[PDB]
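Structure record follows, encoded as C-alpha cells.
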Amino acid sequence: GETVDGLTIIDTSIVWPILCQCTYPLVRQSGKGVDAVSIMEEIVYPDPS
Amino acid sequence: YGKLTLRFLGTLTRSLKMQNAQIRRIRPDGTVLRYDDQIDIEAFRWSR
Amino acid sequence: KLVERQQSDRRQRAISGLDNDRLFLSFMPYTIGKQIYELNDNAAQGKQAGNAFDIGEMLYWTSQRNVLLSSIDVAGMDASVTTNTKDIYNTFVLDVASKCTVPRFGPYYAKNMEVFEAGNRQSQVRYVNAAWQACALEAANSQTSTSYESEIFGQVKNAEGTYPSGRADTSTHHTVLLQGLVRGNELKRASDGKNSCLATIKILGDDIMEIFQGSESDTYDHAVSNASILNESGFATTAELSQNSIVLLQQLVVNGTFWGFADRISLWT
Amino acid sequence: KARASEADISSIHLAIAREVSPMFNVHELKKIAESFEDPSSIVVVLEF
Amino acid sequence: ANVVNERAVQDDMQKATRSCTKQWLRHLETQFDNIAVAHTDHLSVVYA
Amino acid sequence: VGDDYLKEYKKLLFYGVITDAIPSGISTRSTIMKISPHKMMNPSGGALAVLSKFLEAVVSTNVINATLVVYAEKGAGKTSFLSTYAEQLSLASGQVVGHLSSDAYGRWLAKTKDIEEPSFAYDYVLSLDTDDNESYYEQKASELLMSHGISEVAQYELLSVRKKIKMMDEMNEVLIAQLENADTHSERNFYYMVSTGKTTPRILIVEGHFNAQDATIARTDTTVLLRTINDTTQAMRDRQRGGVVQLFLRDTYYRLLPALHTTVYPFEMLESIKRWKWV
Amino acid sequence: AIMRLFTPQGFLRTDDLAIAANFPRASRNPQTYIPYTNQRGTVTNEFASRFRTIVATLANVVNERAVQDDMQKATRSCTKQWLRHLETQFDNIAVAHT
Amino acid sequence: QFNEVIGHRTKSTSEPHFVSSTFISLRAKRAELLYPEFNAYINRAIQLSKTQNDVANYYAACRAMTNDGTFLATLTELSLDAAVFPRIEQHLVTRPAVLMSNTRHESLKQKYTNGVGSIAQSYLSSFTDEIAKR
Amino acid sequence: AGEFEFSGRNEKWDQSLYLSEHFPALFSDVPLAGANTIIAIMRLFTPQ
Amino acid sequence: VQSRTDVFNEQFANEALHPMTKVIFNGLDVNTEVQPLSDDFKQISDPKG
Amino acid sequence: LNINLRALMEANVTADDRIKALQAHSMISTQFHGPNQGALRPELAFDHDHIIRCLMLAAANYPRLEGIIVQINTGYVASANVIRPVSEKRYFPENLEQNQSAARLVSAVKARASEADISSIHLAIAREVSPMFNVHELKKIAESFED
RNA sequence: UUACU
Ligand SMILES: O=c1ccn([C@@H]2O[C@H](COP(=O)(O)OP(=O)(O)OP(=O)(O)O)[C@@H](O)[C@H]2O)c(=O)[nH]1
Ligand SMILES: [Mg+2]
Ligand SMILES: [Mg+2]
C-alpha cells in the first residue's frame, strides 16, 4: 500500500479522455479533430539523450 | 482575343522535344502503340 | 476622422470612424476571416452566455493538476500591427480568395486581368474573381492614418502604420493573426523534435489565454517560445503567467473560483 | 443542410460546361468526410 | 426506400424517424417531377 | 532608332512605365530596337486620389505642415526625380517646399553619433548630404559584409538565399536600435524636430527607403510608393562607386518594403499638379 | 462469451535491441507485450474492427435487457445511437494508436 | 467537463521556481512607485493571509484603492501621442515573396519564407481549401 | 480477349489509377453469386 | 552573366517555393553526442604503490 | 593495475558499441552512422550480470524505485508528442445531450467521464510497460447495475 | 459632437 503519490491507484476512467477529448498527431489529419481541416503535424522523434 | 488568348496559356513551350513528333495512342500500361488503321483518325498517321 | 472612446482603466483611446467606402474594402477580409470561427474551436468565445459558460472553460482547467496558465495581453495591439505585421493576415485573406469563386461582390466583376507571374517574364492572363480583385486592391492600397480636426491646431494627423481599429475586421484581424502564431508554434516545435504540450487556447483579440500541461520544465520550454515568437513578431506581450491564475475578457478565474473585478462597473460615470 | 450548399450561379454553369468539355487535367473529387453511421446518412448516397 | 427500411429496423430506431425519412424521400419525388420537364426539354437541347 | 539609354534619360524618367515584371533588366548600356506611336496611357484613378490628398493639404490654410512620404527602392533614382517635383509644386503653389533627400538620417547620424546636443536645424541637414558624407547604415552594412567576408559584387551572386537572408536578419538589429525609442539621436526625434522647428519650410517631402518607417516619419495621411523606369538592382551594379554596400542595402530594404501602399508611377505626380485647380 | 470480449489484440514482441545492447533483463527470454499491431497499407482497420464486433454484442446485451424491463423505444434507441457513436470515435483514433 | 462541481481537493499553490524570480524584480518596483501606507497595506496582505479566501478578501479591496471608476477624459490632442501612435517593438517583420502581381506592381498572391509569418501560414494556409466553400 | 480480370485486393482508389488499366469494381455490372444486393444498388447509377 | 534569377526580386520568390535546407557537406554530420556508459576507471598518470 | 587493463583491452568492445545503447533508447528502425573509431577507443562492455543483480536489491530495499522508473517512462511519452489533451468534448453525437429520453444515459456518461484526471492519461501510457514493484489496485467504482 | 465585433 505504499502509494507513490497516485501511482498504484489505477483509474479506469482514463479511457474516456483517450477516446474523446484528445487530439492525436495522426488524427489531426485527416481530420477529424480541432485542426479543423487537415493541417500538418510533422511527427516528433525524441532524442535518446 | 488573340493576344489575350495567346497570353493566357502562355509562356512554356521549351520542355517538349519535337524531333520526329508523331501522335500515337498508348496502352494504359504505358507503351506506345503503333498506328492502328481502324481506330485513329487519318490525320494522325503522318504528322506532316 | 479620429473617433475617441474611453474605458474604465485604459487611457484615453482613439478609434477610426471609416466612411462607407473605406468600410467596403475591409469587408471581404472580414467575411473571409469570419469563417475560421466555426471551424476552429480556440477561435473563441463570444460572450452570449453572460453566466458561467463564459468562464466554464477557465473554471475547469484551473481545477486540474500539473498545469501552468498564461494569459497574455499585448500592449498596445493597435500600435504594434505595423503594415508588415498586418500582411500576415493579408496572405490568409488572399489565399482563400483564389480558390473561391465569387462573382461581382459589389462594384467588380470576374474578369480577365494581366497578371505577372514571378518567374515568368511576361504577363500571362489569369482569371480573377471579384473577391480576388477587391482583396488585392484593399490590401495594396491601405491608408492607415487618422486625422482629427482640432480647435487648437489645424488638422492633426496620426503618423500611420497603426491598425485603424474600426475597419470591419478589427476583431478578426487580431484573432486570426494570433491564432496563427501560437498554434503555428506547435507545428514548428513539432517540426524539429520538441513536443507541443499545449491544451486548449482561447483567443479573443487581443486577449490570448493558453493552457499547458506536463512537468514544470517541459511547459516552460514551450511558454518561452510562445513569448519569444510573439516577441519576434513585433509585439510587446506584457508578461503574465502563473500556476493557478488565469484571466480573459477582464474576468479573473483562480483555483476553480471566480474573482469579480467589481470596480470596472462604475455606477456613476 | 450540411451537404446542401447555396446555389452560386457561377458553378452550376461550370458543371454543365464540364460535361461536354475536353478533359486534360484529370478531375478529382472533393474529399467527402462522412461516416455512414446513422440511417440518416442516405443523403450522401442520394447525392451520388 | 427499402434499403433504408432494412437499416432502420435492423437497428430498432423509432417509428417516426423511419416515417419522416420516407416522407423526405418522396419530397424529392415531387421536386424531381416539377423540374424534369425543364431538364428534358431545355437542358438537353443545349447539350446537343 | 537605336540610341542608348542615357540619351534623353531625363525625359524618360519623367514620363515612362516599363510594362514588364520586375526585374525587367534595362541598363545604361541598353539601346532601342524599334519605336511605334502608342496611346497616351491614363493615370490610375485609385492612385491619383491618394496623391490628391497632399495636393489639397498643401493648399488649405487649415492644415499646418502637410507632408508627402515617398517610398521606393534604393535604386529607383528618385533623388534626381523629386528634386524637380519640388520645383513643379512650389512654382504652382506659390509656396516654398523642400525634400529631405531620403538618406538625411543616414548622412547626419554618422556626423554626430557622439554629440550630446546636435543641431536639428533645417539648413544644417541639407548642406550635409548628397553625396560626400557617408551614410550611417552604409558604415554598418559595410562593416557587416566584411564579417561574412565579402567585397565583390560577383562574389555576392555566389552567396544564396537563406545564407543571404540570415545576413539580412543580422542587418536588421542595427536598424531597430534607431527606430524603437525616442532618444536624442533616434530616427523619431530627427523627423520630428526637423519638421517642427520654424526654420523649416511649410510642407517638407520626406522619402523613406523601408516600410515600417511609418512610425517615424511625421505626420501625414499621404504615403505613396514610387516605381520608376529603373531595374534598381541593375543600377546598383551600375552605381559607379556602388560596390556591395549599395547592393546589399537595396536587397535589405526590399526585404523590408513590400507594396502595401499606393504605387504612384512618376508621371502621375507630374500629371496631378496640372489637373489640380489653383488660385 | 462476454468475457471473450476482454481478450487483447496484441502480440508478444521479443526485445531484440535490448539483448544486443546487453541491457539488464530479469528473465531468460525478454518478451514484452505490445498492445496492438501496426496497420500499414490497409483500407479497414483490424484493431478498430474488433471494436465493431464488441459493440455488436454489447448492443444486443443492452437490447435483451431493456425489453425485459419493457422500457421505451425512445429511451433504448438513443442508447444505441451512442453505442455506434463510440464506433465513429474509435475508427478515428485507432489510426493513431496502431 | 460539463461544469458541475464534482469534488474538492487541497492543492498547494506554490507557484513554480521561475516566477519566484519574478517576485524579486517586482517587489522593488512595489516599494518606490507606491505611497508607503498603501504599500504597508499590501505587505500585510502578503504576510497575514492564511487561506485562499483570505487573498480574495484583500485583492478586490486593494483593487478598489487603485480605481475610482471615473472614465479618464481629457482633450484628445493630448492622448493622440499616447494611445494611437504606432510603436515598433523589437523586430522588423519582413515581407512575402510576391508570386503574382497585376498590371500595376502590387501584391496579388504571396507566400512566406522562413520568418515569423511562415510559422503562421504553416497553420493557416490549410484552411484556404475549405473556407473557399464557405 | 475480353474477359474481366479481377484483382482480388482491397485498395483505396486514387485518380492516379484513372489513366492506368484498372477500373472501379463497383461499376463492373457483373452479378456476383452471393452479392445480389450490392450489384442491384449499382444498377441505379446507370445513365439515362 | 545573369538571367534572371540572380536578382533578389526573383530569387526571393523562388525560395518560398521549395525552400532549400540541405547543403553539400563532404564529412560526417555530427548532430548528437554520446556519453560513456560507465565512468568506471580513474585515469591517474604516475601510480603510487 | 594489470587486472584493470586486461579487462579494458580483452573485452574487445569499443566506443562504437555505444551506438547499440542508442538504438534501444530511440525509435524503432532508426539509423546511426559513423564515426567508426575502431579499436583505438576501447571501453568495457556493459556489465549484464551486475546491474540486474543490483536492481533486485534496489527493488527490495527501496520500493519507491517504481516512481523513478515510471518518471523516466512518463518523460519519454510526453516528449514524444503522442497524446495531447484538448478542450472539445465529443462524448455525444449531434443533439443527444439535449434529448429528453436519453437523460438517464447522459447522467451516467458524464458522471463517469468527469473523473478520470487528465494528464493521468500521460501517466498511464507509462504503465503499459513499466516494472511492477508495488501491487496496483483499482480506484473504487461503486456501482449498482440497476438501469 | 461619435467608430466594429
Ligand atoms: O472599442 C474597442 C475596444 C477594443 N478593441 C480591441 O482593442 C484591441 C487593441 O488594443 P490592445 O488590447 O492591444 O491595447 P493594449 O492592450 O496593448 O493597451 P494596454 O492594456 O497595454 O494599455 C483590438 O485588437 C480590438 O480588438 C476595439 O477594436 N474596439
Ligand atoms: Mg491587450
Ligand atoms: Mg484588450
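The way I read the labels, and the way they are meant: chains A, B, ... in the order of the C-alpha cells, residue 1 as the first residue of every chain, and ligand 1 as the first ligand shown, with later ones counted on from there.
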Set the cut-off to 10 Å, count only C-alpha atoms (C1' of nucleotides) and all ligand atoms, and list whatever residues fall near ligand 3 as a PyMOL selection string.
-> chain C and resi 10+72-78+204-208+248-250
Contacts of residue 32 in chain D at 12 Å (only C-alpha atoms (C1' of nucleotides); same-chain gap of 6+ positions) as a list in words |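 Surrounding residues, per the criterion: residues 30, 31, 32 and 37 of chain A; 2, 3, 44, 45, 47 and 48 of chain D; 130 of chain H.
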For ligand 1, list the contacting residues at 10 Å or closer, counting only C-alpha atoms (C1' of nucleotides) and all ligand atoms, as a ChimeraX atom specification.
-> /C:4-7,9-16,72-81,163-175,204-208,235-238 /H:82-84 /L:3-5
Suppose you want the space between CA of residue 60 in chain G and CA of residue 10 in chain E; what is it in Å?
->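 Going from CA of residue 60 in chain G over to CA of residue 10 in chain E, I get 11.4 Å.
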Got a sec to tell me which of chain A DSSP assigns to helix (DSSP H, G or I), as a ChimeraX atom specification?
-> /A:16-19
Create the file for the chosen residues now, containing N, CA and C atoms and written as a CSV table (one decimal), in the first residue's frame.
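What follows is the written file part25.csv:
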chain,number,residue,atom,x,y,z
A,16,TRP,N,-11.9,7.4,-21.2
A,16,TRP,CA,-12.8,8.4,-21.8
A,16,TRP,C,-12.2,9.6,-22.3
A,17,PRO,N,-11.2,10.2,-21.6
A,17,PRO,CA,-10.4,11.3,-22.3
A,17,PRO,C,-9.6,10.8,-23.5
A,18,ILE,N,-9.1,9.5,-23.4
A,18,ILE,CA,-8.4,8.9,-24.5
A,18,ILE,C,-9.3,8.7,-25.7
A,19,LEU,N,-10.5,8.4,-25.5
A,19,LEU,CA,-11.4,8.1,-26.6
A,19,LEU,C,-12.0,9.4,-27.2
Contact residues around residue 47 in chain A with only C-alpha atoms (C1' of nucleotides) at 12 Å, ignoring same-chain residues under 6 positions, as a PyMOL selection string = (chain C and resi 192-195) or (chain J and resi 31-34) or (chain K and resi 22-27+30+75-77+79-80)
Output C-alpha atoms of each residue in that selection to a file, as a short mmCIF file (atom, residue, chain, number, x, y, z; two decimals), in the first residue's frame.
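Just written: part_26.cif:
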data_model
loop_
_atom_site.label_atom_id
_atom_site.label_comp_id
_atom_site.auth_asym_id
_atom_site.auth_seq_id
_atom_site.Cartn_x
_atom_site.Cartn_y
_atom_site.Cartn_z
CA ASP C 192 12.30 19.99 -35.03
CA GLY C 193 11.84 17.33 -32.36
CA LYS C 194 10.21 19.13 -29.44
CA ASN C 195 6.77 18.30 -28.12
CA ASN J 31 24.20 16.16 -34.59
CA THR J 32 24.33 14.26 -31.27
CA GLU J 33 26.98 13.21 -28.75
CA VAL J 34 27.19 10.11 -26.57
CA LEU K 22 21.27 4.33 -28.65
CA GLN K 23 19.27 2.05 -30.94
CA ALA K 24 17.35 0.89 -27.87
CA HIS K 25 16.51 4.30 -26.37
CA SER K 26 15.28 5.71 -29.70
CA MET K 27 12.52 4.86 -32.17
CA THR K 30 16.25 4.42 -36.72
CA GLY K 75 9.16 11.60 -19.62
CA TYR K 76 9.56 9.71 -22.88
CA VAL K 77 5.82 9.74 -23.58
CA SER K 79 8.43 14.25 -25.07
CA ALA K 80 7.12 12.15 -27.97
#
Please identify all polymer residues within 12 Å of residue 48 in chain E, counting only C-alpha atoms (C1' of nucleotides), omitting same-chain residues fewer than 4 positions from it, and present them as an NGL selection string.
-> (:D and (17 or 19-20)) or (:E and (40-44))
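Among the candidates C:265, C:159, C:180, C:71, the one nearest to ligand 2 when counting only C-alpha atoms and all ligand atoms is C:71.
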If the cut-off is 12 Å, can you tell me the residues of chain A near chain C, counting only C-alpha atoms? I'd like them as a PDB file with C-alpha atoms, in the first residue's frame.
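Everything below was put into result.pdb:
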ATOM      1  CA  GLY A   6      -1.149   8.425  -7.018  1.00  0.00           C
ATOM      2  CA  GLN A  21     -11.239  14.771 -25.642  1.00  0.00           C
ATOM      3  CA  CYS A  22      -7.764  14.294 -27.073  1.00  0.00           C
ATOM      4  CA  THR A  23      -6.225  15.262 -30.392  1.00  0.00           C
ATOM      5  CA  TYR A  24      -3.558  12.958 -31.765  1.00  0.00           C
ATOM      6  CA  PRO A  25      -0.813  13.562 -34.352  1.00  0.00           C
ATOM      7  CA  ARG A  28      -5.110  15.790 -36.850  1.00  0.00           C
ATOM      8  CA  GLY A  31      -9.188  15.216 -39.814  1.00  0.00           C
ATOM      9  CA  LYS A  32     -11.495  14.624 -37.663  1.00  0.00           C
ATOM     10  CA  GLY A  33     -10.211  16.923 -34.923  1.00  0.00           C
ATOM     11  CA  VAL A  34      -9.794  20.521 -33.747  1.00  0.00           C
ATOM     12  CA  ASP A  35      -7.442  21.150 -36.677  1.00  0.00           C
ATOM     13  CA  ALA A  36     -10.239  21.684 -38.086  1.00  0.00           C
ATOM     14  CA  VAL A  37      -9.487  20.506 -41.619  1.00  0.00           C
ATOM     15  CA  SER A  38      -6.255  18.687 -42.499  1.00  0.00           C
ATOM     16  CA  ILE A  39      -3.320  20.742 -41.462  1.00  0.00           C
ATOM     17  CA  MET A  40       0.096  19.122 -40.566  1.00  0.00           C
ATOM     18  CA  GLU A  41       1.840  17.596 -37.628  1.00  0.00           C
ATOM     19  CA  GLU A  42       5.497  16.838 -38.554  1.00  0.00           C
ATOM     20  CA  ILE A  43       5.854  13.774 -36.236  1.00  0.00           C
ATOM     21  CA  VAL A  44       8.376  14.314 -33.438  1.00  0.00           C
ATOM     22  CA  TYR A  45      11.086  11.701 -32.947  1.00  0.00           C
ATOM     23  CA  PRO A  46      12.508  12.267 -29.447  1.00  0.00           C
ATOM     24  CA  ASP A  47      16.219  12.193 -28.795  1.00  0.00           C
ATOM     25  CA  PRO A  48      17.874   9.338 -26.886  1.00  0.00           C
TER      26      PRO A  48
END
Excluding residue 94 in chain K and residues on its chain fewer than 3 positions from it, collect all residues at most 12 Å away from it, counting only C-alpha atoms (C1' of nucleotides), and give them as a PyMOL selection string.
-> (chain D and resi 38) or (chain G and resi 78+81-82+85) or (chain K and resi 89-91+97-99)
State, in Å with one decimal place, the distance from CA of residue 105 in chain H to CA of residue 263 in chain F.
->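 Computed distance, CA of residue 105 in chain H to CA of residue 263 in chain F, equals 7.5 Å.
Shortest separation to chain A among J:37, J:13, J:20, J:8 occurs at residue J:37, atoms counted being only C-alpha atoms.
When the distance limit is 8 Å and only C-alpha atoms (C1' of nucleotides) are what count, the residues near range 89-97 of chain F, minus those fewer than 3 positions from it on the same chain, are residues 58, 59, 85, 86, 201, 202, 203, 204, 205, 273 and 278 of chain F.
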Provide as a VMD selection string the residues of chain G at most 12 Å from chain E, counting only C-alpha atoms.
-> chain G and resid 56 59 to 60 63 67 72 to 81 83 to 84
What lies within 7 Å of residue 70 in chain C using only C-alpha atoms (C1' of nucleotides), ignoring chain neighbours under 6 positions off, as a PyMOL selection string?
-> chain C and resi 209-211+240-242+246
Pull C-alpha atoms from the residues just selected and write them as an mmCIF file, in the first residue's frame.
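Saved the output as result_21.cif:
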data_model
loop_
_atom_site.group_PDB
_atom_site.id
_atom_site.type_symbol
_atom_site.label_atom_id
_atom_site.label_comp_id
_atom_site.auth_asym_id
_atom_site.auth_seq_id
_atom_site.Cartn_x
_atom_site.Cartn_y
_atom_site.Cartn_z
ATOM 1 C CA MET C 209 -5.088 32.756 -22.970
ATOM 2 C CA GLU C 210 -3.426 29.333 -23.365
ATOM 3 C CA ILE C 211 -3.213 26.290 -21.094
ATOM 4 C CA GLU C 240 1.699 37.191 -17.388
ATOM 5 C CA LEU C 241 1.679 33.569 -16.349
ATOM 6 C CA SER C 242 1.202 31.565 -13.145
ATOM 7 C CA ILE C 246 -5.896 32.936 -15.405
#
Enumerate as a ChimeraX atom specification the residues belonging to chain I that approach chain E to within 12 Å, with only C-alpha atoms taken into account.
-> /I:37-38,40-41,48
Next, write the just-selected residues to a file, as a PDB file, in the first residue's frame, keeping C-alpha atoms as the atom set.
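Result file follows (result_3.pdb):
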ATOM      1  CA  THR I  37     -27.798  -6.732 -53.105  1.00  0.00           C
ATOM      2  CA  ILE I  38     -24.714  -4.588 -53.779  1.00  0.00           C
ATOM      3  CA  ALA I  40     -28.665  -4.249 -57.539  1.00  0.00           C
ATOM      4  CA  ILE I  41     -27.854  -0.889 -55.932  1.00  0.00           C
ATOM      5  CA  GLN I  48     -30.487   7.651 -68.792  1.00  0.00           C
TER       6      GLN I  48
END
